[PDB]
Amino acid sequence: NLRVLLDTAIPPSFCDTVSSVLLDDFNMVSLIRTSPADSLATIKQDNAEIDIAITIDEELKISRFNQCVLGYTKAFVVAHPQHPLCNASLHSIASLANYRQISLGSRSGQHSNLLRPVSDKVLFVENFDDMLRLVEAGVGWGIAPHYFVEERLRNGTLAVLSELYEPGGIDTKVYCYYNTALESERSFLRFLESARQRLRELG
């Protein structure tokens, strides 16, 4: 049984890219969904016996796992179109650190530099739905995956704030944390090879 973690930030397509290839080589494949904020926390619990985590979250070296880059995805800073920081930028981008942020919370209470909130006014939720609900209502601003805001952006229900910080969305590496034991196993190298070249095409 190959246990596999995919965080909520990973487009649901890339999750079909993996399972397709994995099931070619492996006979039992378990797919677990975590918050980006809980991915590395989960694999660190030995009893969770995760073999592969696909997550946006970064840490220099986890005990017994190796890291590599599967590809890249795009986050966007979004708010209600009538948000103060909306319809403006550069001073707005800076002010994000003052206006209320709707942030992914974590069981560990802790965050990475990458995922920790930027604003001194933060309201925590558990997933990107509860985030973008409290954002459609103009309670604050949030940063969420492209695939979560594509629908609402063209609808005009949500507006982008991020473009002057990073045009075309904030590029974010997708990392593969794999059990060191998979290190010399064509099965896993087949997964990387395929999973990679397929997730280029989505991008």
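From 1 onward, residues are counted along the sequence shown. By rigid core we mean the largest C-alpha set that fits within 1.5 Å across both forms.
After superposing on the rigid core, the larger RMS C-alpha deviation in 6 other deposited structures of this protein belongs to 80 to 88, the other candidate being whichever of 95 to 103 and 80 to 88 remains.
The rigid core fit leaves 20 to 28 as the farther-lying stretch in 6 other deposited structures of this protein, judged by Cα positions and set against 20 to 28 and 175 to 183. Stretches 67 to 75 and 88 to 96 differ in mean C-alpha B factor, with the higher average recorded for 88 to 96. Averaged over CA atoms, B-factors in the entry run higher in 23 to 31 than in the other of 23 to 31 and 48 to 56. Sort the modelled residues of the chain by CA B factor and residue 1 lands in the middle third. The PDB entry assigns residue 111 a C-alpha temperature factor belonging to the lowest third of its chain's modelled residues. Among the modelled residues of the chain, residue 173 sits in the lowest third by CA temperature factor in this PDB entry. In the deposited entry, the Cα temperature factor of residue 156 sits in the top third of values across the chain's modelled residues.
Placement of the Cα temperature factor of residue 163 within the chain: middle third of the modelled residues, per the deposited record.
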